Protein chains: 2
Amino acid sequence: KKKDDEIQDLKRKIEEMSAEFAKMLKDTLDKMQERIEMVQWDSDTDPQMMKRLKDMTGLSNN
Amino acid sequence: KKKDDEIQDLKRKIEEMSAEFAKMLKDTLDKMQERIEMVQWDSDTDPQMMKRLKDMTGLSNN
């Protein structure tokens with residue numbers, strides 16, 4: 001019973017670490033997008049380059 | 001003994017996930033730094049913005 005409980009706890013904490021992995025990955029992607037967009041907007045570069053970055057980043061929502 | 005083996009496998013998975021998390025977080029940080037530096041160099045803005053972007057994140061080499 002002790003070892004079963006330990007295995008369950010290990011699985012649960014593996015799931016928790018994976019969840020934090022994914023959540024902070026999404027947060028990092030969001031911050032990357034925000035900084036990139038703000039730099040693009042503050043720069044006088046063309047909306048053509050705006051669309052170029054938008055396409056290259058692969059962020060086109062389906 | 002089977003339970004001990006399962007526990008050890010779970011611990012190894014935990015360590016592998018932690019290593020992957022740290023490595024790929026470093027990779028994402030490097031990607032963001034490279035993109036910021038490239039977008040900063042392409043623009044003809046005064047190195048004032050270079051220094052401002054360097055100082056804002058507090059990532060000054062320690």
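Read-outs: derived from the displayed coordinates by stated rules, not from any lab. Because the Cβ atoms are built from the backbone with ideal geometry, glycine has one as well, and the counts that use them run over all protein chains shown.
Please give the charge dipole size of chain B, origin at the Cα centre, charges +1 on K and R Cβ atoms and -1 on D and E Cβ atoms. Round to the nearest 20 debye. List each step's numbers first, then the result.
Values: 13 positive and 15 negative charges, 73 e Å.
Value, rounded to 20: 340 debye.
Within 10 Å of each residue's Cβ, count the other Cβ atoms and sort A:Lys31, A:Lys2 from fewest upward. Walk me through the numbers before you get to the answer.
Working: A:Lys31 12, A:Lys2 7.
Ranking A:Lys31, A:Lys2 by Cβ neighbours within 10 Å, fewest first, gives A:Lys2, A:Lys31.
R0 = 35 Å: FRET efficiency of A:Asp44 with B:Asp27, Cβ-based, nearest 0.05?
On the way: r = 31 Å, r/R0 = 0.88.
My answer for the efficiency is 0.70.
Once you charge only the Cβ atoms, +1 for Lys and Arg and -1 for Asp and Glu, what is the size of the charge dipole of the protein assembly as shown about its Cα centre, to the nearest 20 debye? Walk me through the numbers before you get to the answer.
Numbers: 26 positive and 30 negative charges, 135 e Å.
Magnitude of the dipole: close to 640 debye.
Grab chain B and count how many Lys pairs have their alpha-carbon atoms under 30 Å apart, sequence gap of 8 or more, or different chains.
Close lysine pairs under the 30 Å cut-off: 18.
Taking the radius of gyration and the Kirkwood hydrodynamic radius from Cα positions alone, what is the Rg/Rh ratio for the protein assembly as shown, to two decimal places? Working shown, then result.
Numbers: Rg = 21.0 Å, Rh = 17.8 Å.
Using Cα coordinates only, the ratio equals 1.18.
If you line up the long axis of helix B:47-56 against the longest principal axis of chain B, both from Cα atoms, how many degrees apart are they, to the nearest 10?
30 degrees
Taking 10 °C and 1.306 mPa s as the conditions, I'd like the Stokes-Einstein D for chain A in µm²/s, using the Kirkwood hydrodynamic radius from alpha carbon pairs.
Values: Rh = 14.7 Å.
This corresponds to a translational diffusion coefficient of 108 µm²/s.
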